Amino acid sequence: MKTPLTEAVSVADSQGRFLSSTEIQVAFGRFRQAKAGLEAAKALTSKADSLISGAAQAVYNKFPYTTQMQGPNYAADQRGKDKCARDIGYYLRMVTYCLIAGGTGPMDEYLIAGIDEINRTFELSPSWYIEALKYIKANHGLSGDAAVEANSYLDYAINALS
């Protein structure tokens, strides 16, 4: 994955080297950012259901035809609404994971890799998820490095979609 520690190790490993002061500095940064990120993920986990619900409703609000059009790729029926909610949940969960890890790694491994193929194969519009992510960004009620980092991940996911 992409995380300070694992990257710091993998680099040094690729060079056949013992960890130096550099990797130690990487770690030092990680462990201090952790103080905010770990609690950020907590706050976000606590507000999971609300954020997911509101985000899904926001998607439905901005793109109403998703609640009306027939087709397996829409939330016009219960099935699709649960699919939507599930996906938004996945996204939020990945964000928490990124906060836990201190890097985009989890999201990269679990979500970003192949997202284009999925969205294209099942006819899912990135704008929907961009909207959900926007809504989540505007409602998580975080502040400080928590907010900044979490939002960096949110913007990263938004970037992966656009």
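Throughout, we count residues from 1 along the sequence that is shown.
Mean CA B-factor, 92 to 100 versus 65 to 73: the higher value falls on 65 to 73. Relative to one another, 101 to 109 and 115 to 123 have unequal mean CA B-factors, and 115 to 123 is the one with the higher figure. Ranked by Cα temperature factor within the chain, residue 128 sits in the middle third according to the deposited record. The deposited CA B-factor of residue 1 belongs to the highest third of values across its chain.
Sort the modelled residues of the chain by CA B factor and residue 86 lands in the lowest third. Sorting the modelled residues of the chain by their CA temperature factor places residue 141 in the lowest third. In the PDB entry, residue 36 places in the middle third of its chain by CA B-factor.
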